[PDB]
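In C-alpha cells, one chain follows: the form deposited in one PDB entry.
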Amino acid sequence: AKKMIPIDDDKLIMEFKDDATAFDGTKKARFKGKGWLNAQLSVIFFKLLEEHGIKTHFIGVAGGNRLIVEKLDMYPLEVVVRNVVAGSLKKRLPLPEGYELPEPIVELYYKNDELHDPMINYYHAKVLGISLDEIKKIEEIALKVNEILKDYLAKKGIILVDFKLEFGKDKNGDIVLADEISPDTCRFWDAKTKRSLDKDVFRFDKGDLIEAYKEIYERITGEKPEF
C-alpha cells in the first residue's frame, strides 16, 4: 500500500498505492483513489502535529500520492495507542467493544512479519537494542500525538479508537515520527453511529472503503475529494 523510493542519504519518496491488503496478503483489493486519500490525510495529520512541535519525517508533497520524507534509522516497532476497546485489545482485557478507557493505553509491537508483529514489553525492547530512555521518549511522543489527533477528530464527530505509529532516529539522534497516519493505520468511528471509517470496512467487509475514506477527508477539509 506504500512504496519507499530512495533519493539519497537524507531523504526519500513515500508513494501511496491504491492496493489494499489484509490477513497477510490472503485478502487483496484495489480501491481507486485510496492512495491519494491516504497520502493527503497523512499530510494533514503530519502538518497538524508539527504545528504542536512534534518532529515528523514529513518534508513536502511530490504529487497527489507521493510524500518526500527524511531518511531515518527506523525503530523495529509498531507503537499502538488505544482510547476505546477494539480489535486485539478484546483478547487482553475483559471489556466490551466500544468501552471507553479511563486513560490511553500504549502497546509496543516488534515489527517482524515472520513472527506476525508480536507484542513486547520494555525488557524485550532492550534486547532488540532500544534503551529504556528511548522507549520512554517514544511513549511520551505517542501520547502527545494521541491527544492532538483525538481532540482534533472529536470536534469533527470522529472517535480516534486506536492507531499505530512508527518512529525512527535522525542524524541529530532525535526521535522522529515516521510511516503514515491514515484510515489504513487508525481506527476511526463516527461519534453518533459508531460505524467504522477506516480499513476495518475492508478487513471485515462492513461497507464501501472508498466511501468511508472520502467521508473522513470531507469531514476534515470540508471539501469533497479531488484526486
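All residue numbers refer to positions in the sequence shown, first residue = 1. C-alpha atoms forming the largest set that superposes within 1.5 Å between two forms make up the rigid core.
When the other structures are laid on the shown form by the rigid core, the stretch among 25 to 33 and 55 to 63 with the greater C-alpha deviation in 9 other deposited structures of this protein turns out to be 25 to 33. Structural divergence in 9 other deposited structures of this protein between 109 to 117 and 70 to 78: following superposition by the core, 109 to 117 has C-alpha atoms lying farther from the shown form. Of the two segments examined, 95 to 103 and 118 to 126, it is 95 to 103 that shows the higher average Cα temperature factor in the deposited entry. Comparing 67 to 75 with 142 to 150, the stretch with the higher mean C-alpha B-factor in the PDB entry is 67 to 75. Across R195, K199, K28, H57, the greatest Cα temperature factor reported in the deposited entry is at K28. The entry lists a Cα temperature factor for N112 that places it in the highest third of the chain's modelled residues.
In the deposited entry, the Cα temperature factor of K171 places it in the highest third of its chain's modelled residues. Sort the modelled residues of the chain by CA B factor and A62 lands in the highest third.
What comes next is about the form deposited with a small molecule bound, which does not appear here.
Interface residue among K111, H124, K137, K144 relative to the small molecule in the deposited bound form, by the heavy atom within 4.5 Å criterion: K111. A residue is said to contact a partner when one of its heavy atoms sits within 4.5 Å of a partner heavy atom; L72 meets this definition for the small molecule in the deposited bound form. When contacts are judged by a 4.5 Å heavy atom cut-off, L12 counts as touching the small molecule in the deposited bound form. In the deposited bound form, at least one heavy atom of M4 sits within 4.5 Å of the small molecule. Though the partner is left out of this view, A39 does not reach within 4.5 Å of the small molecule in the deposited bound form, counting heavy atoms only.
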